[PDB]
Structures are given as C-alpha cells and as structure tokens.
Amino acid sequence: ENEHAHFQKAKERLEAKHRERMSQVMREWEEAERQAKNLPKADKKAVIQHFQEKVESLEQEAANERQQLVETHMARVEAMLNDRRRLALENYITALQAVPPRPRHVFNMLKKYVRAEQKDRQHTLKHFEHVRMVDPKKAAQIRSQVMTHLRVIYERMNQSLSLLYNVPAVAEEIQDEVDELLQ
C-alpha cells in the first residue's frame, strides 16, 4: 500500500501543478486584455485566440503527464504483485506438502495467495473501468489485452485452489473458510 500512496500523492501534485499553471495563464490573460484595451478588434480577436491555444496546450500537457504517470504506476505495481504472488504461492504449496499437514497453516498461506490474485484482478479491473468511464473508445482499444490478463489470473487461481484436493482431509477441514474467502 506504499505504492498506492505514492501514486495518489503524485496524482494530486500533478493536479495542483496543473491548476497552478492554469491560474497564471488566466491571470496573464487579464493583463493582456487590459493591455490591449486600446488595440484594434483584429488584434483583440487574436489575443483571445492566443490564450485559448495556450489553455488547450496546458490541458494536453496535463493529460500527457497523467498517462505517463498511470503507465509507470501500472508497470511498477505489476512487478510487485507478481513477486508477491510467487512468494505466497511458494509458501502455500510448501504448506500442502508438510508432514503432517497443518490445516490452519495451509489456510493462512492459501489466503495470502488468494488475496494476491484477488488484488491483481481488482486493480487491473479498476484501472480498465476508470478508462472506460472516461474514454469508452480508448477502453475498446485495450479491452482484449485486459480481458486476457483477467482470464490468466482467474485460471491460475482456480488451478492453485484445486491443488487442495491432493490433501482431501485438509480440504474438508477448511472448505467452509475457503468459501468465505471466495465470496
């Protein structure tokens, strides 16, 4: 959660920076108007255009900064989650092979593993849903890529969960608590 904090922080600074640049422009627009009070229409009809283009330019720059921020964030989070999933999966598989097997320990490890996968899915889905509400057409461009990722996560988790059946006794003892997890 230290990287979700680092992202929500960076997102706000970016907003404050943009909102700040937007203010000095609107301000400059004022001084430019006052200082053109005596210029001709054409030259006045041009100061408006100049500042609309400057505003438009600022918006594009902020949008760019947002996208670069999200991309980097998605890359970072992905590498961390995969690393988290691998470890948790390793611990879970190891728990299953303990002699004798400890139901509680198997459950705790399996839980950390399911949460990691649930986390990855939710995070991917949340970011894809964000883009779809803001830009439906852009979302349509990354849809297959996103759905493919979701299908991989789901299959991996279900494949990992079915391992529990190689230790039926253990599965019996913790089945209900596992259901609570998957729901």
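Numbering starts at 1 and runs along the sequence shown.
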Look up the CA B-factors in the entry and say which stretch, 27-35 or 63-71, has the higher mean. 27-35
So, looking at the entry's B-factor column for Cα atoms, which has the higher mean, 48-56 or 110-118? 48-56
When you compare the CA B-factors of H123, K138, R151, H130 as listed in the entry, which one comes out on top? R151
What third of its chain, lowest, middle or highest, does the C-alpha temperature factor of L163 fall into? lowest
Relative to the other modelled residues of the same chain, rank the CA B-factor of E177 and answer lowest, middle or highest third. lowest
Quick one: classify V99 as lowest, middle or highest third of the chain based on its Cα B-factor. highest
If you rank the chain by CA B-factor, which third does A88 end up in: lowest, middle or highest? lowest
